[PDB]
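Here's a solo chain for you in structure tokens, the form deposited in one PDB entry.
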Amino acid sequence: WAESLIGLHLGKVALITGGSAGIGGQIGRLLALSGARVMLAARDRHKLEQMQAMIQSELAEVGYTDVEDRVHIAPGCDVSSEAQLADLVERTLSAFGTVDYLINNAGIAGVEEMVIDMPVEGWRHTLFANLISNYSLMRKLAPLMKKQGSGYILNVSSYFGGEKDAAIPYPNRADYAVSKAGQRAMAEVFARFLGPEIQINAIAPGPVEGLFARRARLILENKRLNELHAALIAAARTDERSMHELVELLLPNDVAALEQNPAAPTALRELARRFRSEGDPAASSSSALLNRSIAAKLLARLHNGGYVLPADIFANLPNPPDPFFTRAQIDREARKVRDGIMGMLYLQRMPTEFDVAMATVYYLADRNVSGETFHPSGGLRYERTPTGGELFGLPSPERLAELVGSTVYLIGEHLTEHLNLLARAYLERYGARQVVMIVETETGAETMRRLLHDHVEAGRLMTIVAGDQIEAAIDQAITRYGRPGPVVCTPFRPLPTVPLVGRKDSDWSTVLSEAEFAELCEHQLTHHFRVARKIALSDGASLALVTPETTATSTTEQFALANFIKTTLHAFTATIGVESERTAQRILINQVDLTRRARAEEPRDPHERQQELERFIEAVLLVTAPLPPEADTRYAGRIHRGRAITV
């Protein structure tokens, strides 16, 4: 079976991260059998030593000599740590000299929560492990590749990272999806810079063959949380009771008593009815509203949304008797998950790690591909959200009427003209009651206060300085000015103008640093994640995520980084749109792109510029004007969530 493989990569040196198991271990194995010298990096020394032994034993069996010189390991390697990645590269270059192939395979599942349950530090950790690590190793190894005149960077992404012009929603996995999309986007935008000496591609395997009760149980506990949270948020909107008083109705922990209470809000009585109808009579979840675990995670959502409740509100919650969910409900949801994955597959057969690695090692022999995403497995039935539509007009007069009397939050700093035009559109054209302008710095606040002096003097434009504490700034806005209806989130920072690759004979000293690439992710991805999380938790009606602006005079490097961010953020927008849709959250989340693919598409004169700024206002109004609630059908609801439009 190895006959077609032996000799294919003879003389090559490969670094494989995550090389102790999974597809990474198999790529390491087959590259070694193909004749490459390999460094396998991973955390667990013991698993790495076993993999190294098996590969060395197989090389000896097919007739390699000095097998200890052909397979090295780098144990205790956590790719989320920049220091550990520098140590990995020093260890690899000491062992083998210049790396030919960087196989950026290492990956973690990430937080595995909905965005509104996702710790900000957990999201950042996923980006460090899964995405920033891929740039960091490229930044250290590409200079040596360019100097020797050849190299290959392969980022191991996923089908769930999307594809060119299409995002793939991955609910409960936004951190992972964005990381996977960023791995592909890095190949798409760096290929022109790294050519002609270096190839950069991604692989995006689908599901591969590699507890299921415990996951099905978490799905059911998550559904109970979502149903309770959505009804409490909906009730609080139109009831005179505070959220504290609404949550008190839950404390007897009695479904039938909540359903039958004529003074309970309709959203809570209808929910109680659903718990009885859809419930298993042998499950305590059919007669009790929640348990302490769901209660704690619900209280965290409410607290994270600026709702005022005492920390001990659930201290005396009656404990429902086991089972909360029956083995029958848990097993039915587990079959639904499993059957869901198997029904994705056109070929009705799960690919093996071995088969994917084999297709990958054949693919690495191709010298005429860069910027591409290879699907070593595929044929998948799954939802996709096309991105990059440019032909739109205004929303309906019915949706625009819903802006009258509204509280608008605008977030930004660098895009002062956009922010001014938006504030004035919402206030002067569409009868918003007030705009809260949330900027990064006092200097930004003063720039906006001078641009909007008339509305400031009239009490219609309030300014808040967020710095690096956007969630506390939004809490200040909720407390002082009221919860937001429409929200527009622009980036505080412009894109950097440093080189993305170095001259062949240079040290690359000025080239985008590992720390600068992290900062890019912080300012252009994490910023929107933090706002989306906080705004959804705080019951905002709508949220436009706005990418950085490219113009006819942007540097080629700014175009590359802009498109990196635009592609990567599409994964976020698509995922959180579907997560929100499927959990009955009102909020509409969509993306408005100020980034284009090519300078030739940008406005060239003042007239075309005016056209562009009018399209920007139109685009933001198209995604932020709320749906009159009768129009939020299943059909219209899916259209107005998780989409991106290009100005």
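Here the rigid core means the biggest group of C-alpha atoms that line up within 1.5 Å when the two forms are laid on top of each other. In case it trips you up, residue 1 is the first one in the sequence shown, and so on.
Handout entry: Missing coords for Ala600 in a third or more of other PDB entries
Key = Yes, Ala600 lacks coordinates in at least a third of the other compared entries that model both of its neighbours.
Practice task
Say whether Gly151, which has coordinates in the shown structure, is without coordinates in a third or more of the other compared entries.
Solution key: No: coordinates for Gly151 present in every compared entry.
Handout entry: Unmodelled deposited residues flanked by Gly210 on one side and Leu211 on the other
Key = Per the deposited record, the segment joining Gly210 and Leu211 lacks coordinates for 10 or more residues.
Practice task
Select between 128 to 136 and 237 to 245 the stretch whose C-alpha atoms have the higher average B-factor in the entry.
Solution key: Between 128 to 136 and 237 to 245, it is 237 to 245.
Exercise for the section: Averaging the C-alpha B factors as listed in the entry, name the stretch that ends up higher: 274 to 282 or 565 to 573. Expected result: 274 to 282 has the higher mean C-alpha B-factor.
Exercise for the section: In terms of CA temperature factor as recorded, identify the highest of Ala230, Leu218, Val115, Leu141. Expected result: Max CA B-factor in the entry, restricted to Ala230, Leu218, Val115, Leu141: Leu218.
Problem - Out of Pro376, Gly151, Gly182, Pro320, highest CA B-factor residue - result: Among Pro376, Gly151, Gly182, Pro320, the PDB entry lists the largest C-alpha B-factor for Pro320.
Problem - Third of the chain, ranked by Cα B-factor, where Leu10 sits - result: Middle third by C-alpha B-factor.
Practice task
Could you say whether, by C-alpha temperature factor, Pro496 belongs to the lowest, middle or highest third of its chain?
Solution key: Middle third.
Practice task
Pull the Cα B-factor of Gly22 out of the PDB entry and bin it into the chain's lowest, middle or highest third.
Solution key: As the PDB entry reports it, the C-alpha B-factor of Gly22 lands in the middle third of its chain.
Handout entry: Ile16 - Cα temperature factor, lowest/middle/highest third of chain
Key = It falls in the bottom third of the chain.
Practice task
Using the B-factor values recorded in the entry, state whether the Cα atom of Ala2 falls in the lowest, middle or highest third among the modelled residues of its chain.
Solution key: CA B-factor rank for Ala2: highest third.
In what follows, reference is made to the form deposited in another entry, a form of this protein that is not presented.
Problem - Sole member of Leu561, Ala425, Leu290, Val436 with a C-alpha shift of at least 2 Å between the shown form and the other one (core-superposed) - result: By this measure, the answer is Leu290.
Practice task
Could you tell me whether the Cα atom of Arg273 shifts by at least 2 Å between the shown form and the other one after core superposition?
Solution key: Comparing the forms between the shown form and the other one, which are aligned on their rigid core, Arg273 does shift its C-alpha by 2 Å or more.
Problem - Per-residue C-alpha change between the shown form and the other one, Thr326, threshold 2 Å, rigid core fit - result: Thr326: C-alpha displaced by 2 Å or more between the shown form and the other one.
Problem - Threshold 2 Å Cα movement between the shown form and the other one at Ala234, rigid core reference - result: Indeed, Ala234 is displaced by 2 Å or more.
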